[PDB]
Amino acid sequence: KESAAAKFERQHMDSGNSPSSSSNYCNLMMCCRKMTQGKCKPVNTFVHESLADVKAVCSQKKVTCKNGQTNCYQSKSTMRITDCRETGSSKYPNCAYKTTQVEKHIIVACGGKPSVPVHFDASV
C-alpha cells in the first residue's frame, strides 16, 4: 500500500522539472500513456496529426516492414510527430527521454477490419 508520504510526493511534488519546459514532453507522455511501468520503453513516437489522417496511411504507400511482415504503409506526406528516446542517464524507475519535434513520413503496420494502424514501425 502506497504510503501517505509517497502519495503526497506523487500527487503534489515536481521538484525536478520546469512546468514551462518544452523538452519534458516525452517524460510526461511516456508516463501518462503507460510505457514506463516495469521498464522504460526505449523508443516511442507520438503523432500529432488527426486520427483520421493517421488512419488514412493504411490506404497509402505499401512499404517493407522492419520485421519483414507485409502490412506496412508509409504516409504520402510528412507528419508532425515527436520522437521519444531514452537518454544515457535513464535508469528505471526514473525513465528519462530526449524529446525531438520532427516532421517525417510515418510507417505504420495496419490490421483489423477496417484496416487501421496497429503498430508504429518507423519514421523516415
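The first residue of the shown sequence is 1; numbering continues from there. Under this definition, the rigid core comprises the largest set of C-alpha atoms superposing within 1.5 Å between the forms.
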Which of 108-116 and 6-14 lies farther from this form in 6 other deposited structures of this protein, as RMS of C-alpha positions after a rigid core fit: 6-14
Of 71-79 vs 93-101, the stretch with the larger average CA B-factor in the entry is 93-101
May I ask you to compare 15-23 and 111-119 by their mean CA B factor in the entry and name the higher one? 15-23
From the list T64, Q60, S50, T45, select the residue with the highest C-alpha B factor recorded in the entry. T64
With respect to C-alpha B-factor, does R33 fall in the lowest, middle or highest third of the chain as deposited? middle
